[PDB]
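> in their complex positions, the first chains:
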Amino acid sequence: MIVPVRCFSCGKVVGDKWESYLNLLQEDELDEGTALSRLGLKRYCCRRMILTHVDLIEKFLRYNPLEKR
């Protein structure tokens, strides 16, 4: 749903690298392999977290019962 803090297989902090990843794919036109290497994600357990995150919380947050629509 939202980006996993502290990836599952080793324990490297990963949750602070989602918004830096979308920055390094949109403004700086990098492919997904260079951007995971610039963020310091070397081990392929750490790479498949930011690479394969869906960020589904942005679809949940459009149903706000605490605001007029």
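Good, I have the coordinates. Numbers count the residues shown, from 1 in each chain, chains lettered A, B, ... in the order given.

> what's the burial count for residue A:66?
4 (other CB atoms under 10 Å). The C-beta positions use only the backbone N, C-alpha and C, and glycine is treated the same way.

> residue A:1 versus that one, what's the distance?
19 Å (CB to CB, to the nearest Å).

> number of residues surrounding residue A:43?
Other residues close to residue A:43 by other CB under 10 Å number 11.

> need the contact list for it.
A:9-10, A:12 (CB atoms under 8 Å, 6 or more residues apart in numbering).

> centroid residue for chain A?
residue A:18 (3.0 Å; CA atoms, centre = their mean).

> who's in contact with that residue?
A:3, A:50, A:53, A:55.

> isn't the first one up against residue A:55?
Translated: residue A:3. Yes: between residue A:3 and residue A:55 there is a contact at 6.8 Å, judged by CB atoms under 8 Å.

> and those two? which has more neighbours close in?
Taking other CB under 10 Å, residue A:3 and residue A:55 do not tie; residue A:3 has more neighbours (17 against 12).

> give me the phi and psi angles of that one.
Backbone torsions of residue A:3, given as degrees, to the nearest 10, read phi -60, psi 130.

> what would the contacts of residue A:18 look like in CSV with distance to residue A:61?
CSV is the format used below for the contacts of residue A:18 (distance: CB to CB, whole Å):
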residue, distance to residue A:61
A:3, 14
A:50, 20
A:53, 16
A:55, 11
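
> count of neighbours near residue A:17?
21.

> tell me the contacts of the residue nearest to it when sequence neighbours are not counted?
Residue nearest to residue A:17 in three dimensions, not counting chain neighbours: residue A:39, with 5.0 Å by CB to CB, 6 or more residues apart in numbering. Counting by CB under 8 Å, 6+ apart, residue A:39 makes contact with A:17, A:20-21, A:24, A:50.

> in a markdown table, list these along with distance to residue A:33.
Formatted as a markdown table, the contacts of residue A:39 follow (distance: CB to CB, whole Å):
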| residue | distance to residue A:33 |
| --- | --- |
| A:17 | 15 |
| A:20 | 15 |
| A:21 | 12 |
| A:24 | 11 |
| A:50 | 11 |
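
> include chain B too:
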Amino acid sequence: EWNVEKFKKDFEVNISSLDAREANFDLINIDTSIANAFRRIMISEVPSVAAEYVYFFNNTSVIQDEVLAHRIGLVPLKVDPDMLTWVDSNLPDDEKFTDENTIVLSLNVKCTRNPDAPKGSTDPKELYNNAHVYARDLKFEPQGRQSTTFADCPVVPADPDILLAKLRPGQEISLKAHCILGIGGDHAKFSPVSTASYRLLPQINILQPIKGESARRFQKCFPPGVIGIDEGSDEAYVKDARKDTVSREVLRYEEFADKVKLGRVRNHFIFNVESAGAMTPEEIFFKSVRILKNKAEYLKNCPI
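Same chains as before, plus chain B:
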């Protein structure tokens, strides 16, 4: 014959690099039994401080309560575990959390709609106020006498841009978090280490001379800083047997079924300790030889 001076004559350490987060060093002529015991304390038994009890007051955001509490458990806190002591489980909840064994964090964030947003925008940081809750929004609240000993260094998360939660206007999060000590064998959040593991030194045993244009392809079957060619005579030799992962790429070729075999140096270790932020990996390894020393020192004093 074995002796602690015979082991002192043979053991040495060759450190490759230091950093604020990642060390890389060597253990020479030590057993796999002992080098695992150092490897298993740095992950499971060296203490660290992490949020264990989270006291919610209001949470109207979309991410629910135990998931957002589990994420506050997983954020590393840049705080020295030597500054505060352990809790006692037999004490009740009124006297268990003192200012010598508990650091208090707070997260009071409210979201509202930004009227200064540009028309036809998509960016929620322009479009909303306090829409993204990060790890640096966890505020340290010194209680009692710890407003003097932590005034030199306030408790801040070691990775402040951890995206804890996301909000929309109307929604709010208000909590208090008590972060205490613990070892990595209880929960994974108390491990101060990204990964701490070894690999033994690869031994590339060239058996026959690899002169000619076979050395231009024997070099290609390794990472580039491992096999070099001599400038005097064309002959493959090992430059650096540390730079290779053990791929066995030469074992896919019938040309090199006899000219090389890939052994492994028996007692040469390469530790690569990556810290999570609170302690330096110089100190995490130093605390791991002290836990194993005090573990044998504890049984030496207990009555049998």
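
> again for the contacts of residue A:18, chain B present now?
By CB atoms under 8 Å, 6 or more residues apart in numbering or on different chains, residue A:18 lies in contact with A:3, A:50, A:53, A:55, B:163.

> what secondary structure does the residue of chain A found nearest chain B sit in?
Chain B sits closest to residue A:66 of chain A, with a gap of 2.8 Å, by CB to the nearest CB. The three-state assignment at residue A:66 reads coil, by DSSP: H, G, I helix; E, B strand; the rest coil.

> roughly how far does it sit from residue B:58?
From residue A:66 to residue B:58 the distance is 12 Å (CB to CB).

> ditto for residue B:78
Here the criterion is CB to CB. By it, residue B:78 lies 28 Å from residue B:58.

> same drill for those two, tell me which one is more crowded.
Applying other CB atoms under 10 Å in any protein chain shown to residue B:78 and residue B:58 shows that residue B:78 carries more neighbours, namely 17 against 12.

> leaving out the residues flanking it, which one is nearest to that one?
Nearest non-adjacent residue to residue B:78, counting by CB to CB, 6 or more residues apart in numbering or on different chains: residue B:158, 4.0 Å away.

> same question, residue B:264
residue B:200 (5.1 Å).

> what about that neighbour, neighbour count?
16.

> pretty sure it is touching residue B:265, no?
Yes: contact between residue B:200 and residue B:265 holds when scored by CB under 8 Å: they sit 6.1 Å apart.

> so who does residue B:79 touch?
Residues near residue B:79 by CB under 8 Å, 6+ apart: B:49, B:103, B:153, B:155, B:179, B:278.

> need these in a markdown table with distance to chain A, can you?
A markdown table is the format used below for those (distance: CB to the nearest CB, whole Å):
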| residue | distance to chain A |
| --- | --- |
| B:49 | 15 |
| B:103 | 19 |
| B:153 | 20 |
| B:155 | 17 |
| B:179 | 15 |
| B:278 | 11 |
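
> give the contact list for the residue nearest to residue B:78.
A:13, B:76-78, B:276-278.

> helix, strand or coil for residue A:20?
The three-state label given to residue A:20 by three-state DSSP is helix.

> not counting sequence-adjacent ones, nearest residue to it?
Here the residue nearest residue A:20, using CB to CB, 6+ apart, is residue A:39, at 6.0 Å.

> mind adding chain C? sequence follows:
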Amino acid sequence: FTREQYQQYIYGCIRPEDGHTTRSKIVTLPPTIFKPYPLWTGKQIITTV
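One more piece, chain C, placed on the ones above:
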């Protein structure tokens, strides 16, 4: 198997205090090879098991 390996696999399976042995002391065999260094065999694991 060397001497530390050979005796590790026996106490990992026998464990006399739970009552699997019948001698109150774990007996072993002489090794298969005596020189240069003593080695046992996996035949000789299950022999003393």
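
> same as before for the contacts of residue A:43, with chain C this time.
When contacts are counted by CB under 8 Å, 6+ apart, residue A:43 touches A:9-10, A:12, B:195.

> out of those residues, which end up buried?
A:10, A:12, B:195 (16 or more other CB atoms under 10 Å in any protein chain shown).

> grab the nearest non-local neighbour of the second one.
Distances taken as CB to CB, 6+ apart put residue B:194 closest to residue A:12, at 4.3 Å, once the chain neighbours are dropped.

> repeat for the last one
Residue nearest to residue B:195 in three dimensions, not counting chain neighbours: residue A:10, with 4.2 Å by CB to CB, 6+ apart.

> burial measure for the one residue in chain B that gets nearest to chain A, as a count.
Closest approach between chain B and chain A, counting by CB to the nearest CB: residue B:170, at 2.8 Å. Counted with other CB under 10 Å, the neighbours of residue B:170 add up to 16.

> from memory it sits against residue B:58, does it?
No: under the criterion of CB under 8 Å, residue B:170 is not in contact with residue B:58, lying 11.8 Å apart.

> OK, contacts around residue 28?
Because you didn't say which chain, this covers chain A. Here residue A:28 is in contact with residue A:35 (criterion: CB under 8 Å, 6+ apart).

> I was thinking of chain C, sorry if that wasn't clear
Contacts of residue C:28 (CB under 8 Å, 6+ apart): C:6-7, C:10, C:48.

> looking at the buried ones among the contacts of residue A:43, spot the one nearest residue B:72.
residue A:12 (18.2 Å; CB to CB).

> take the contacts of residue C:28 and keep only those in strands.
Using DSSP state E, no member of these sits in strands.

> which one (most neighbours) among those?
residue C:6 leads these on contacts (other CB under 10 Å) with 20 neighbours.

> look up how far residue C:27 lies from that one.
13 Å.

> with residue C:35 instead?
Residue C:35 is 23 Å from residue C:27, by CB to CB.

> when those two are compared, which one has more neighbours?
residue C:27 (8 against 5).

> so what secondary structure elements neighbour the helix or strand harbouring residue B:24?
For residue B:24, the host element (DSSP states H and E) is strand B:22-27. Packed against strand B:22-27 by the contact rule (3 or more CB pairs under 8 Å, 6 or more residues apart in numbering or on different chains; DSSP states H and E) you find strand B:260-275, helix B:281-301.
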